[PDB]
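*Asks:* Let me begin by handing over the structure; questions about it come next.
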Amino acid sequence: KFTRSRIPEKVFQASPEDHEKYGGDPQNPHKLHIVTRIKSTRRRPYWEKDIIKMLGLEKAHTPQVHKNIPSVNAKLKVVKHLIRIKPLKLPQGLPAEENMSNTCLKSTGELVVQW
Amino acid sequence: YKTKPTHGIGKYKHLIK
Amino acid sequence: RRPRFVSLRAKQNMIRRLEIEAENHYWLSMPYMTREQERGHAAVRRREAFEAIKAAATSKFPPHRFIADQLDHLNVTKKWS
Amino acid sequence: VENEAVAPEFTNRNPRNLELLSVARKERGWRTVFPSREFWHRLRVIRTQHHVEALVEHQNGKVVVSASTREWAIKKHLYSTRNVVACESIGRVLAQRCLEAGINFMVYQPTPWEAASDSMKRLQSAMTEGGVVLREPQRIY
Amino acid sequence: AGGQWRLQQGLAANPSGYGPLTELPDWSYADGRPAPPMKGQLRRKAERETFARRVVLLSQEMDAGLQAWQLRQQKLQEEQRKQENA
Amino acid sequence: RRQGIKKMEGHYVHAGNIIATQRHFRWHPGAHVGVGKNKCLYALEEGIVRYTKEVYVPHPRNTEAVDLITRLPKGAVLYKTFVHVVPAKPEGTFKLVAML
RNA sequence: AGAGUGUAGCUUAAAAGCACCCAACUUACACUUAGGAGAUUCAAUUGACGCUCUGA
RNA sequence: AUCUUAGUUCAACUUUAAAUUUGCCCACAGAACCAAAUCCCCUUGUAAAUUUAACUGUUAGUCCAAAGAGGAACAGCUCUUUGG
Ligand SMILES: [Mg+2]
């Protein structure tokens, strides 16, 4: 029959060849995921429609932020083929109570202040 | 159960010739 | 007829999606916390949010009624003189 | 008077309070394996050809008293260790210790063939007349 | 249509995304005083603001969770020393 | 027919609630778990259900089991599953009734 | 002479656990027992009188 | 279930109004002697779920992927199941 898929953990094991291929690092991982939907929930089982409805990814591309904790990754490992995950980058730090209304997210995934 | 390490603990038929 | 002849454009589209999802694989093999560290850190917010839902659900009731609104309907015969 | 300050919830940290009132829970069930463990203080007699030991132990495996022929204070009054008289003496000592230990109740759960044997019946009768009883009260629900 | 190139140069894929075209004020008065901003700009400022507030809130919660774990490890690893005396 | 578990591990089961309905003895009764004539397992004491693996020592009064254990090599044992209910509440408390 | 050095036949006992013994044991006897017998090998941790073993 | 399969009643699903507080997802643990997965919950992402009052309407559908039983492993074949 057709059933949920339990992905073996072996795939989610970055190698020494993958690390220098994307801008990441084993130690000191990244706080937040910026996730976008690039595929339709239609034509896919209901246990993916519901997940997408839960992560706030209902609309199309429209990026949305989530924690990088396993409780959410378990959800993103089910919808990993209908989304693009990039790591949010903060090369100027979290904004203060000033500069909340003057932020901007660039296509490279960096949140910055005053454009 | 079958998907647990404790599986096959109750076997005894093989203990009879 | 029934069989098809998979083009090159389709292959390139499929490889694009495969690469995107391989990057997704990579960005999920390094979580900030572990199972035990995270446990409970969001409890306060979840409890307060559900309490907000409860307070919204338990506030339904008919709206007030004012004498002014009832007497305003006499304006439907206001005349000059 | 202020000195009458009493907690309206009196506690009793005693580990045998509800036990002796016959209100403590006996662990029921296990209706597919002998021995049953619907008791509080079980007696067990180990009979190995060198020594014989009669022990009384709580439901949780805790030995509350013992009477073993390994004791030098009881080795002397014996030319062997498998005689019925050995069982008599060790059971009498066990009864004395139980009486001096605050345990005047018991359960004995022998095995049908081991129960029919007169050898352990001698010990059973000796300990019974010693002062302890081989049967417990009913729980008071 | 060079969305691939635009994303390869840190720009928005869609020239109507974020850039000088879409967010600078489309007009001013003749004298020089600026114009009441456009609805689209207000809505994008509001949504970016909400995005930033969510970012700071989630990051704060995760850091506070790490600190709480540190505290619990302290008070369970060290309070066992209080049983190592007397 | 529905001969399967009806309260799974880590469930709060009150007195008398059926833990498992079975045909053969798949799950043997344990602490505070009683059996009916139809081999249903029910919770004698209010608490939390757990499942364990233990050693099996059948009644000598029974025959189809007392003999098979007699056909086993040195150092052998029949292990089997059990379902217990760790009780939750204490039996009772003592409260002031009269101050005389 | 002498290298390891030694719990009764056995060992993970600090003076312990196992069958060898015997006896009535419905369709035989082991099972179930009536009952009985075996060591810190010795002088004060160290050395030798015992053993597989070492030149003879 | 029905002198019943050209229909009805009950359930399941749907709708409205109302009350309350947990509902879904979900790791670790756990479910027998004789492969896919399933069940169950702490957290976590969410905002829904249960209960009550009141009605109607639909009901034994087609195709595709998959695992089976019948007809070859075919006859575009009858049927059950997971998904779309
Ligand atoms: Mg759960």
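*Asks:* Classify region D:52-117 from the C-alpha gyration tensor, please: rounded if a/c falls under 1.5, else prolate or oblate depending on whether a/b exceeds b/c.
*Replies:* Taking the square roots of the gyration eigenvalues as a ≥ b ≥ c, region D:52-117 is oblate.
*Asks:* Let me ask another. Using Cα pairs closer than 8 Å and at least 6 residues apart in sequence, work out the relative contact order for chain F, in percent.
*Replies:* Result for chain F is 29 percent.
*Asks:* Which residue, F:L68, F:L44, F:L78, has the most motion in a Gaussian network model of chain F that connects Cα atoms within less than 10 Å?
*Replies:* Of the options given, F:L68 has the highest mean-square fluctuation.
*Asks:* Taking only the Cα atoms of chain D, how large is their convex hull per residue, in Å³?
*Replies:* 156 Å³
*Asks:* Sticking with this structure for a sec: Sorted from largest to smallest, which semi-axis lengths in Å does the alpha carbon gyration tensor of region F:7-73 give for its equivalent ellipsoid, taking the root of 5 times each eigenvalue?
*Replies:* Taking √(5λ) for each eigenvalue gives 26, 13, 10 Å, largest first.
*Asks:* Using alpha carbons only, how many degrees (0 to 90, rounded to 10) separate the axis of helix D:118-130 from the longest principal axis of chain D?
*Replies:* 40 degrees
*Asks:* Just for chain D, what percent of DSSP beta bridges are antiparallel, to the closest 5?
*Replies:* Here the share of antiparallel DSSP bridges comes out near 90 percent.
*Asks:* Ok, one more. Counting only other residues whose beta carbon sits under 14 Å from that of D:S117, what net charge do I get with K and R as +1, D and E as -1?
*Replies:* +2
*Asks:* When the scattering of the protein assembly as shown is computed by the Debye formula from its Cα atoms alone, each counted once and equally, what is log10 I(q)/I(0) at q = 0.06, 0.07, 0.08 Å⁻¹?
*Replies:* Calculated log10 I(q)/I(0) at the listed q: -0.63, -0.78, -0.90.
*Asks:* Then there's this: As a footprinting exposure proxy, order F:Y51, F:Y79 by other Cβ within 10 Å, with the fewest listed first.
*Replies:* Listing F:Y51, F:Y79 from fewest to most nearby Cβ atoms yields F:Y79, F:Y51.
*Asks:* Right, another one. Enter the Cα centre distance for the pair region E:36-86 and region A:1-67, rounded to the nearest angstrom.
*Replies:* Using only Cα atoms, the two centres lie 22 Å from each other.
*Asks:* Quick check on chain C: take the gyration tensor over C-alpha atoms, sort the square-rooted eigenvalues as a ≥ b ≥ c, and tell me if it's rounded (a/c under 1.5), prolate or oblate.
*Replies:* Verdict is oblate for chain C.
*Asks:* Do the sum for chain C: with -39,500 (n - 2.57) for every DSSP H run of n ≥ 4, divided by all residues, what is the mean residue ellipticity at 222 nm, to the nearest 500 deg cm²/dmol?
*Replies:* Value at 222 nm, helices only, nearest 500: -16500 deg cm²/dmol.
*Asks:* Report the GluC sites (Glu not before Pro) located in region F:5-74 that are in a DSSP loop and have at most 15 other Cβ atoms inside 10 Å of their Cβ, or state none.
*Replies:* When the GluC sites (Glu not before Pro) of region F:5-74 are filtered for loop state and at most 15 Cβ neighbours within 10 Å, F:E9, F:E64 remain.
*Asks:* Nearest 10 degrees, 0 to 90: what angle lies between the long axis of helix E:39-77 and the longest principal axis of chain E (Cα atoms)?
*Replies:* On a 0 to 90 degree scale, this one is about 10.
*Asks:* While we're here: Expressed as an acute angle from 0 to 90° and rounded to the nearest 10, what is the orientation of the C-alpha long axis of helix D:84-101 relative to the principal long axis of chain D?
*Replies:* 20 degrees
*Asks:* How would you classify region A:4-115 from its alpha-carbon gyration tensor, with a ≥ b ≥ c the square roots of the eigenvalues: rounded for a/c under 1.5, else prolate if a/b is greater than b/c, otherwise oblate?
*Replies:* oblate
*Asks:* Please compute the modelled spin-label separation between D:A116 and D:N60, points set 7 Å along Cα→Cβ, answer in nm with one decimal.
*Replies:* Label-label distance for D:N60 and D:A116, simple model: 3.9 nm.
*Asks:* Could I ask something else about it? What residue among C:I53, C:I67, C:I15 has the largest mean-square fluctuation in a Gaussian network model of chain C, using Cα springs under 10 Å?
*Replies:* C:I67
*Asks:* Further question on the same structure: For A:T108 paired with F:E46, estimate the spin-label separation in nm (one decimal), with each label point 7 Å from Cα along the Cα-to-Cβ line.
*Replies:* 6.4 nm
*Asks:* Based only on other Cβ atoms within 10 Å, what is the fewest-to-most ordering of F:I5, A:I7?
*Replies:* Fewest-to-most Cβ neighbours within 10 Å comes out as A:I7, F:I5.
*Asks:* Just to verify a number: FRET efficiency for A:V11 and C:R47, C-beta to C-beta distance, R0 = 35 Å, to 0.05?
*Replies:* That pair, A:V11 with C:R47, gives E of 0.45.
*Asks:* Quick one: which of A:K31/A:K89; B:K17/F:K74; C:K54/F:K7 span more than 20 angstrom between C-alpha atoms?
*Replies:* C:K54/F:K7
*Asks:* Restricting to bridges with both residues inside the protein assembly as shown, how much of the DSSP beta-bridge set is antiparallel, in percent to the nearest 5?
*Replies:* Restricted to the protein assembly as shown, the bridges split so that about 90 percent are antiparallel.
FYI, it's all coordinate maths here, none of it is from the lab. As a convention, Cβ positions derive from the backbone with ideal geometry for all residues, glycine included, and neighbour counts pool all protein chains shown.
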